[PDB]
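Participant: This one's experimental. Sequence and coordinates below.
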Amino acid sequence: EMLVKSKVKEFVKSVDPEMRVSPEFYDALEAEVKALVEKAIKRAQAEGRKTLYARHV
Amino acid sequence: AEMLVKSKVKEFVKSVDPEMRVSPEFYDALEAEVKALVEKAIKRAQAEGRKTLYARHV
Amino acid sequence: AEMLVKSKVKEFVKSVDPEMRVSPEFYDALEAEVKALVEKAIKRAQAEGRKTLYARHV
Amino acid sequence: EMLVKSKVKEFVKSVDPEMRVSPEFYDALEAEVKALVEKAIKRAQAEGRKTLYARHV
């Protein structure tokens, strides 16, 4: 798990004070973060690079 | 605030590509993209008139 | 099959960066990502039990 | 406009024959495609490239 659920909840509250987070949202968000990192790695590999940069995200 | 655990991101990267190193600013860029995903999810829920984020809003 | 007009993609790129050129493979990759965005929007609508795509599904 | 709305409609039908498309969906999809291309351009610029590749998408 790459996410801190309490910090996701706190961030959501900072955007919309009335917005709550379902337990299944955290799981779906975690899967999307994994997908972002896997895509970043594929961009770096396509370049022949062994370093991930901001521009690969 | 910061939603990601950088050590867990590093561990995940290693699980995909053992030889891949991570430039420090990648963690910050990944954090910004996760914030962007959550802000978009909030806009989807608000457009529906919901006060709860569901998996389908992501 | 193709949702994009390649000449219009090229024109848009030039409007953002006049010096930026477009490889043929970029158009194909962009087309695949647009299909992926629409498939994601369809899954959001289906999860909600809607039979219409709205702006908020994108 | 980069998208052909009739082709978007045809693609939606190919995925889900019962799914209808609101007029506002086409406009929202067009805005998201502009955002994808702007992000791709920023990735290429960050790399110091003057050509867009598949890996920039």
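Facilitator: Arrived safely. Numbers count the residues shown, from 1 in each chain, chains lettered A, B, ... in the order given.
Participant: Backbone dihedrals for the residue sitting furthest away from the middle of chain A, please?
Facilitator: Residue farthest from the centre of chain A, counting by CA atoms, centre = their mean, is residue A:48 at 24.0 Å. Main-chain dihedrals, residue A:48, degrees, to the nearest 10: phi 80, psi 20.
Participant: so who does it touch?
Facilitator: Residues counted as contacts of residue A:48 (CB atoms under 8 Å, 6 or more residues apart in numbering or on different chains): none. From N, CA and C alone the C-beta is placed, and that goes for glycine too.
Participant: what does chain A put close to chain B?
Facilitator: Taking CB under 8 Å from any CB of the partner chain as the test, the list of chain A residues beside chain B reads A:1-4, A:7-8, A:10-12, A:15-16, A:18-22, A:24-25, A:27-29, A:32-34, A:36-38, A:40-41, A:44-45, A:50-57.
Participant: Buried members of those residues into PyMOL, please.
Facilitator: Selection of the buried residues among these in PyMOL, burial being defined by 16 or more other CB atoms under 10 Å in any protein chain shown:
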select buried, chain A and resi 2+3+4+8+11+12+19+21+25+28+29+33+36+37+40+41+44+45+52+53+54+55+56+57
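Participant: Identify those among the residues of chain A next to chain B that sit within helices.
Facilitator: Members of those lying in helices (criterion: DSSP state H): A:7-8, A:10-12, A:15, A:24-25, A:27-29, A:32-34, A:36-38, A:40-41, A:44-45.
Participant: Keep only those of those that are also close to chain C.
Facilitator: When these are filtered against chain C using CB under 8 Å from any CB, no residues are retained.
Participant: Next to chain D, which bits of chain A? Give me the list.
Facilitator: For chain A, the contact set with chain D under CB under 8 Å from any CB comprises A:42, A:43, A:46, A:47, A:53, A:54, A:55, A:56.
Participant: Next, count neighbours for the first one.
Facilitator: The one in question is residue A:42. Using other CB atoms under 10 Å in any protein chain shown, the number of residues around residue A:42 comes to 14.
Participant: same thing with the second one?
Facilitator: Other residues within reach of residue A:43, judged by other CB under 10 Å, total 21.
Participant: ok now do the residue nearest the centre of chain A, which residues does it touch?
Facilitator: When chain A is reduced to its mean C-alpha position, the nearest residue by CA atoms, centre = their mean turns out to be residue A:33, at 3.0 Å. When contacts are counted by CB under 8 Å, 6+ apart, residue A:33 touches A:2, A:3, B:4, B:30, B:34.
Participant: and what of residue A:54?
Facilitator: Applying CB under 8 Å, 6+ apart, one finds that residue A:54 lies in contact with B:23, B:25, B:26, B:28, B:29, D:46.
Participant: again with residue A:41
Facilitator: The neighbourhood of residue A:41, defined by CB under 8 Å, 6+ apart, consists of A:52, A:56, B:13, B:16, B:17, B:20.
Participant: for residue A:30, same thing?
Facilitator: A:1, A:2, A:3.
Participant: Residue A:44 and residue A:57 touch, don't they?
Facilitator: No. At 10.5 Å, residue A:44 does not count as touching residue A:57 under the criterion of CB atoms under 8 Å.
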